[PDB]
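In: part one of the complex, left exactly where it sits:
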Amino acid sequence: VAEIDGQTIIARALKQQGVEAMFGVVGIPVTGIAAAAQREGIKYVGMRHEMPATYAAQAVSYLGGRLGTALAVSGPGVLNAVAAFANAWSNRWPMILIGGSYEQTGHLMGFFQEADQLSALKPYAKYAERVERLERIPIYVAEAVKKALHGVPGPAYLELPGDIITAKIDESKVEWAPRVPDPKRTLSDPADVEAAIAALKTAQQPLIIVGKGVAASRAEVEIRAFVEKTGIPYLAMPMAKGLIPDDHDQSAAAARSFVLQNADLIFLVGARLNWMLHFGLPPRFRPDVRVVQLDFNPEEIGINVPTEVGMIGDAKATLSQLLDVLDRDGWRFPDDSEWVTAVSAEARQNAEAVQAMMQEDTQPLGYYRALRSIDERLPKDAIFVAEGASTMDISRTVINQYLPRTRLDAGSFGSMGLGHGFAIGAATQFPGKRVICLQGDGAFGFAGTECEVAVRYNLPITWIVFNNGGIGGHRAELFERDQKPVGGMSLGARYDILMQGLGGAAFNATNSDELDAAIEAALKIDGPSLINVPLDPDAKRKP
Amino acid sequence: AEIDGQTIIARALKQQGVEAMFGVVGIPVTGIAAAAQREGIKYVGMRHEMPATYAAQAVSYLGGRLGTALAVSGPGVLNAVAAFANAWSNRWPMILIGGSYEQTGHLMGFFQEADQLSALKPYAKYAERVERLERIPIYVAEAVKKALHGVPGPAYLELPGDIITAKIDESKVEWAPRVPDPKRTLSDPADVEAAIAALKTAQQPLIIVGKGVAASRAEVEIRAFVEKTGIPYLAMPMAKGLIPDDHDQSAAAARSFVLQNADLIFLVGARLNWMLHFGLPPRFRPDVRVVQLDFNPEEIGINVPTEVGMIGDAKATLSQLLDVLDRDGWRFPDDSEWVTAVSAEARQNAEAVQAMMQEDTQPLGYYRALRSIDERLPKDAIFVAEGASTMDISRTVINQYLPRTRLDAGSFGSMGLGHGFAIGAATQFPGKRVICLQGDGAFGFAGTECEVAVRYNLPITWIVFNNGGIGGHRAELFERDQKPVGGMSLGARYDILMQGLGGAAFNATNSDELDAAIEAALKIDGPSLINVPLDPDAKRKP
């Protein structure tokens, strides 16, 4: 009789499902699950809070293309990751949250951390089940991987009773499950593909919009071939920057407000008409704007704005279908058209207004001058993590991306507390790749001590914090008042000394020449670092 | 005269007795905090929603009414689910005010539009979304009502973003009267007489004092009950202080002895949960008789049959119990071998703990580092203890003398409440020292919140025990390729982290340095952190 306990079955089933990384904080009763995960070949990363650990999991999934894993303590441990769990649902990102629970033999006794935690994750989960039998653990894991990756992706939660985790059983009595296949791709209806190309030919002022769904579909080659073979100006969403290099000739990112107001037809590829795109409604949009939609979630069609031609199914497959229809006709939107001309004139004018602020040298620095140094020195093959308000917002314009899936921001949920998790998760998915984590001072405080994880594991992560006074730029005079500012934080805080105390490199760049040197020094360091950037609390946030 | 929703919320809270609000502002709740300050509510801006909600629980437990937390829509509200549940686990009232999508933007994909109401229902005494702007004082008064009355617990109030900023004539607003404080209920006189009749027949009785006595404000009656009867009493972790821990009838030094040999147990304001080992063997005798006093009738007879059960306010019931004792004048014998054997096991176990407190080593141990804290902890200071052995051993070494002066993980064993409890305790008691003892694993959950104590200049002194992470980890464990799953940087300088945020820093590598570090930080008119590198192989047991 060769025996095996529950925690080994969990870890072994995860490894058989292609899981390579796991994050979380150990404790009762999940400590052995992490120990078994390291023995089974899954690298464990001990975080300091369950919230960024869950964000690290979904980052590994989005970047790696398979599934990331988070481990949480029963009771308050699992419930501390509800927001990060919902963020994976808002962005349609798969993951697996593994959490302990009360022992079956201690149900209704007042057991340690005994609580109803299934109901808190169910409003956002593709899969939320409590293990009922020890010999069926691989089935629960296979079903968790299946519901999270297939269909519309989303987070999965697998609850494990405390007594099942430590219980042993003969190995031959364990019902193992085969590897859940990777998501399959569907072609769109050829009648809808022919109608989509037909509607584009009749468009007077068209505009292509590329969303993060194209990134998840790994359709960077096809979306560029479509944008280039049609000659239509495109507009990349925040996390779609990089699929097509942001310096492309047809990029309307500098004329975003212009192309969204004057477009008579819009090709919405892998994006949603949500708050990010102003719901496609006036005043930001043309009242009679036509919509061609490509989204493999059929429930997203015609939301807010009616869809003239809807194409559900895989973006990469449908883009290849649309290209074959284009190759049949050899069609091309006129290059000399005043639409491309008026968009180019609007883009260059707005780009020069941004160029004016970027060349403005100040001490303390401003948004555009500080972000200019990052854009100049960001490795094009690095991963850029941005979190905050205007710090994250303006970085969308200044910081260009040139490679697919190299930028991570707050996403469709606008969440705070994911910067450290995404950076730690990105560095774990790509061992040697450099990670730049730009954050505001307000965003940094949600998980500030997580920098120690980058020291304990020696991760090449470079943090850059804009201390402008907290949630918004608060002048020093506001803190002298009796009632301290509501969104104000210590203007004189030295987050580099915070990183220094945790065991990492420290930099306090107060001008452009100091920020230039502090960045290139942090890049050459084979480890973590934080560059404190005291920001002007009155810095202009518009060009 | 017009008024918007955010002002109505703040004015209603002020009318209900709310005096503090901890939150992280943002769309669409930023104006609520500003209105809270204009209506006379101290708003303490935090850096994360989880410690902000834990701070609201501390204000309620210490203040006696209701603390308030303000959360951003979507991720903000869902960042405090564990803290919201911790208030339910400890039966503590509070109010989590959260924004949400606008009513005009429902089913559009609005910013942070999500079902956050369902995530808090499993633990909420009240979870409702505002539907009418003019009815906000009704929603607030009903949130205060459900949280305080009955078995206390948290309440969640969801507010649509458009209602927060929508204006209306003030005369068209339905203001609600001040919700009264919870009423008291008397116990059945027949049950009270049987409880006294059961104590007389007990040969080895034991009183167990729980945090319900603290919530009941019954510290005067529970001490008058232990002395009138002469039974050795035992206080739960957060019950330390109701009766001063140096009482001549405290069986804390022989806890395992009294729980394993008592023939009868008087359960006051405590539950037979994991903390009390469910009242079951081997920690307890299988034939132990239970006399229970808990105003939640659903808690009687749990795990172990309750012989005589008394529901009703502990303070009022203890008055009945004393009134029945004042007739016969009965008292347990002083020379009884049960009290003598308890004193024999107690004075012996205390010597074993005292022996470990005399061992000076470099780095410091648990008992040596906790000895310097107990010698200098002022009796009228709020002591916050978070972690594993750091908190567990502090229940033994650190002494409490005033009622409701210790805050720990509670019945939920939650991690991430240390900073919030300390910031909430300092906000509740302005001119009062606060000591936040944390392990290095517990500190990382919300370490950046020390800047809040720097921003508001709170008299909070953090003390961190860096022993290698979640448990003691030798430096040799970090040299392997696979890093330890519960390990954290042994060389981490959390005092330099505090210095970077704007607070006083201290590093105590021995007992003499810790003695000077504590006495110095206690005289600082602001926050401070004492980093105590601990022996990764320190003695956990006496």
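Out: Okay, I see it. Numbers count the residues shown, from 1 in each chain, chains lettered A, B, ... in the order given.
In: longest single helix anywhere in chain A?
Out: In chain A, assigned by DSSP state H, the helix with the most residues is helix A:338-358.
In: what angle do helix A:338-358 and the next helix or strand after that helix make with each other?
Out: Heading C-terminal from helix A:338-358, the first helix or strand you meet, by DSSP states H and E, is helix A:367-377. Angle, helix A:367-377 to helix A:338-358, by axes from the mean of the first three to the mean of the last three CA atoms, to 10 degrees: 100 degrees.
In: what about the strands in the stretch 51-200 of chain A?
Out: Remark: strands assigned in the stretch 51-200 of chain A by DSSP state E, counting those that start in this stretch are A:69-72, A:95-101, A:127-130, A:155-161, A:168-170.
In: residue contacts, the closest residue to chain B within the stretch 201-350 of chain A?
Out: Closest contact between the stretch 201-350 of chain A and chain B, by CB to the nearest CB, is at residue A:274 (3.2 Å). Placement of C-beta: from N, CA and C, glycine included. For residue A:274, the contacting residues are A:412, B:108-110, by CB atoms under 8 Å, 6 or more residues apart in numbering or on different chains.
In: what is the burial count for the residue lying closest to residue A:144 once chain neighbours are set aside?
Out: Excluding the flanking residues, the one nearest residue A:144 by CB to CB, 6 or more residues apart in numbering or on different chains is residue A:156, at 4.4 Å. Look at residue A:156: counted by other CB atoms under 10 Å in any protein chain shown, it has 29 neighbours.
In: which residues touch residue A:156?
Out: By CB under 8 Å, 6+ apart, the neighbours of residue A:156 are A:94-97, A:125-128, A:144-145, A:147-148.
In: run the chain-centre distance for stretch A:140-156.
Out: Relative to its chain's centre, stretch A:140-156 lies at 18 Å (CA atoms, centre = their mean, to the nearest Å).
In: any buried residues in that stretch, and which?
Out: A:140-149, A:153-156 (16 or more other CB atoms under 10 Å in any protein chain shown).
In: biggest separation within those, which pair?
Out: Greatest spacing in the buried residues of stretch A:140-156, by CB to CB: A:140 and A:153 (18.7 Å).
In: ramachandran angles for residue A:533?
Out: Backbone torsions for residue A:533, taken as degrees, to the nearest 10, come to phi -120, psi 90.
In: who's it bridged to?
Out: residue A:466 (DSSP bridges).
In: and then chain C:
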Amino acid sequence: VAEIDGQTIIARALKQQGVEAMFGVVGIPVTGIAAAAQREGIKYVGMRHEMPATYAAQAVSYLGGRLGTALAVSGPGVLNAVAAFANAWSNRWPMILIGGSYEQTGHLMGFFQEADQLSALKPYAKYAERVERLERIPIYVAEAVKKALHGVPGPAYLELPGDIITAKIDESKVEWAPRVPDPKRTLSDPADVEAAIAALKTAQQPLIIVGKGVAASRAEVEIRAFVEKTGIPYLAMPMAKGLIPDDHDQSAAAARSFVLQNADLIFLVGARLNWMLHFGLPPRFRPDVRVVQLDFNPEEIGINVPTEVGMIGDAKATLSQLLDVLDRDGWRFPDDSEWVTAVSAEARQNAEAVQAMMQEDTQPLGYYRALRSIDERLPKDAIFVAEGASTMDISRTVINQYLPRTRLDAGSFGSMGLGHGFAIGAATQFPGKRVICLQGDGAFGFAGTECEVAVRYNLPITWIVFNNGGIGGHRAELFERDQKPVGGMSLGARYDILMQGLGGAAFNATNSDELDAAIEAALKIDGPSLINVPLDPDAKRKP
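Out: Alright, chain C goes in next:
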């Protein structure tokens, strides 16, 4: 080794907890639970739908004073009783819903009737747990009885996996639990009791209101002693009729709208200021009305109207406290007061306006003439079940009750589909007692075939149906139109022939003389019967 299966442990634990009756529809996997219940001493009643079976359980609890039990099939069986489960929550009535579920070995396989049914009952349940271990079944049952009876009473749901129900185990390994005690009574704060009597002495035009909470507290003797020793006119709620005999000299039931508008102070004993009492707000109430409240749920105080003196705790104990304060002073509200005089004059005038309609003889009958015969011939020791709209509403005025807990209506939830369940449940709790189930034709259709249960078990239940045209009185001309009436039902339906086909006695009373004879004939029958009463579709519903 003396073995025992799961279904026997459930039934034996229920019998040890004082459970005597069980209702429901058998099937997979709960059939053996009913068979074991009959062998363990619990009488099983096979219903035809899970909705009235659950209503029968809460009726047994309210009438018996302990706990009634309902048994439901997994999946759609349990989910068919969600409304009846919520009704027990709306009325603060205890019960236990026992339902099967998917086997643990078949979780996540698509098992027969596999579904998440815990989440549907949790918004209303005091206890909703799925059994996780076989040897701990008595603990689940003891905890279900405990949370349902103690504190604020309410429904409890106990889910049982299919494989645990049939699984056997050594009897010595079964962890049995002792009997959960009956609810304990609490005295109110003597400071609040002294203030309540103090406020009543200052009342100029007081009014006592007796709710069904006094019935649950079994305080019929104390509430009468208080109403009589204070001399204050009282007002009994619909299901509070009978605690004090409805022909009492101080009953203001005939002047309800008058006493609620002119009362300067109201003693709310065991009742809630909900929709039934017009929320205590104008125009139905005095704007500055003072409120003295007696409700052992502290969360109900000051709702809608502020409470001047609140007294939580047991009603019977608090009423005994208030009586001792009255006996100390010998206080009495003036009998000669114009308040008692104006209420008496208003009551006799309204009673005579009702007397006019009751003496009106018509064919088809009207509401007041048909209900007059029921009031004349209703046994004062029988149980009167009323369900419907005006049929149930007007019966509150015409049909008097003289004994505590003899009337059951729709309750605080206004639910339909409880008439048959309450009648069947009442006849099961009291074996030989006669039950009169008055219903409208619309109410009768929710569970019409349930009359067969009264035939199969030979229950002394007399059904009386008012066929007035459906949900409201619809004339025969309305059904001749193209669009059939929205709330209209067959005016010519013969529900007595429906009962006759099911095996019971039948009567079709079309006038007063026929209704008088049909009632007294149905009373002498040692079994079920239905009296069809074709009602005037234009019958006056107001005096």
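In: circling back: what does the longest helix of chain A contact?
Out: With CB under 8 Å, 6+ apart, helix A:338-358 has contacts from A:204-206, A:231, A:233, A:251-255, A:258-259, A:262, A:333-334, A:366-369, A:371-372, A:397-398, A:540, A:543.
In: now do stretch A:320-337
Out: Looking at stretch A:320-337 with CB under 8 Å, 6+ apart, the contacting residues turn out to be A:187-188, A:190, A:193-194, A:196-197, A:200-201, A:203, A:206, A:222, A:225-226, A:229-232, A:340.
In: right, and residue A:294 touches residue A:272 too?
Out: No. Assessed by CB atoms under 8 Å, residue A:294 is found out of contact with residue A:272, at 11.4 Å.
In: the two: which has the busier surroundings?
Out: residue A:294 (33 against 23).
In: for residue A:526, which residues are in contact?
Out: Residue A:526 neighbours (CB under 8 Å, 6+ apart): A:458, A:460.
In: rerun that using 6 Å as the cut-off
Out: By CB atoms under 6 Å, 6 or more residues apart in numbering or on different chains, residue A:526 lies in contact with nothing.
In: and what of residue A:283?
Out: No contacts exist for residue A:283 under CB under 6 Å, 6+ apart.
In: what do you get if the cut-off is 8 Å, keeping everything else the same?
Out: Counting by CB under 8 Å, 6+ apart, residue A:283 has contacts residue A:261.
In: and for residue A:459?
Out: A:423-424, A:427-428, A:435, A:453, A:527-528.
In: try residue A:157
Out: Applying CB under 8 Å, 6+ apart, the residues near residue A:157 are A:78, A:85, A:96-97, A:99, A:118, A:121, A:125, A:127-129, A:144.
In: restrict the residues you listed to those near chain C?
Out: residue A:129 (CB under 8 Å from any CB of the partner chain).
In: how about the longest helix of chain A: buried residues?
Out: Applying 16+ other CB under 10 Å to helix A:338-358 flags A:339-340, A:343-344, A:346-347, A:350, A:354, A:357-358 as buried.
In: could you dump the contacts of residue A:459 to TSV with neighbour count?
Out: Converted to TSV, those look like this (neighbours: other CB atoms under 10 Å in any protein chain shown):
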residue	neighbour count
A:423	34
A:424	31
A:427	27
A:428	26
A:435	26
A:453	32
A:527	16
A:528	29
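In: now list the buried members of the contacts of helix A:338-358.
Out: Judged by 16+ other CB under 10 Å, buried ones among the contacts of helix A:338-358: A:205-206, A:231, A:233, A:251-255, A:258-259, A:262, A:333, A:366-369, A:371-372, A:397-398, A:543.
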